[PDB]
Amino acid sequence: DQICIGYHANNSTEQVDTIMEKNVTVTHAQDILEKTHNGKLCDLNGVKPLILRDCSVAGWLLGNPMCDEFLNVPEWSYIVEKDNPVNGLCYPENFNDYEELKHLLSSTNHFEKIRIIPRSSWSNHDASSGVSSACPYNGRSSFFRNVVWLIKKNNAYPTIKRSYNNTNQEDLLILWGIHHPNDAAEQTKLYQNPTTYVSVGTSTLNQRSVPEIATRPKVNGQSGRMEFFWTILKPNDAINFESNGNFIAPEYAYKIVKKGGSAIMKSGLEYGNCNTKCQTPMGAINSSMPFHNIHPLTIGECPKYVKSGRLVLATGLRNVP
């Protein structure tokens, strides 16, 4: 008659690693690494992202005519931009502190567009002829819709003096620019006055820009360039613009809503008509696992990212036949 002490065994094929030995088969184990995603860009907790498609942030904010899909975008969860969107600065040029503006976006969930300076407000300047073949629309010369390329009128460009007070509760993002002509002859034809500038002042901003009239290689058929600027006008503060030429004036600006908590994700995917609580640039994640190895740049409530290809914890004992 006997009594024996023993331990469990099963047909488990599960394996774990240890410092002294790899691939130890055990009776029970727990995988703690999520390795799958749904290959789509989804709404984050019911809120759809802003998918910029073929438009860059600049093409959207300035109003490139090829970007009308984004003239009045609604609240978003996250923003998706492609690596190299084709529609950005249709008239070639530079956008000052562009990456800082993109970073600012990443902490907001909504830009509500408002008209701070009516285009009909330019009585002594031509507010219609400022168009270019570089920014076509419906087969004709057009221009960024949110700003105005002012041109001389009746062979004169009287000095502009405009002020705008932010009577809203939200910070206001204001964009404007200056045109750098290809030569003196062009300076005269568009603006009449030969020596010009664009000065801008707020309680904190102090700036005076001068056109650098030169000849460069054609980009989108233009050898001239536009240079854009931006500032944040605080509630109750005012912005003062003065220029006797080359001014690309604001028409529309954006009220900023910091419901805060966004991200600018780089991806070529389009909207997948799905909903998730965790999004990556490669697809969404839906899991209880504590870790994932999909991609490091995620948004929402996600597992912890690691580069591991495998992460399995032993729970049971060594499985001995």
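Numbers for residues come from their place in the sequence shown, where the first is 1.
- Two stretches are in play, 310-318 and 4-12, and the higher mean C-alpha B-factor belongs to 4-12.
- Between the stretches 273-281 and 55-63, it is 273-281 that shows the larger average CA temperature factor.
- The PDB entry gives the largest Cα B-factor of the residues 133, 77, 246, 207 to 207.
- Per the PDB record, 107 has a higher Cα B-factor than any other of 202, 146, 107, 94.
- Per-chain ranking of the deposited C-alpha B factor places residue 229 in the lowest third.
- Sort the chain's modelled residues by C-alpha temperature factor and residue 175 lands in the lowest third, per the entry.
- Compared with the other modelled residues of the chain, the Cα B-factor recorded for residue 90 ranks in the lowest third.
- For residue 31, the recorded CA B-factor ranks within the highest third of the chain. Only modelled residues enter the ranking.
- Among all modelled residues in its chain, residue 111 ranks in the highest third by Cα B-factor.
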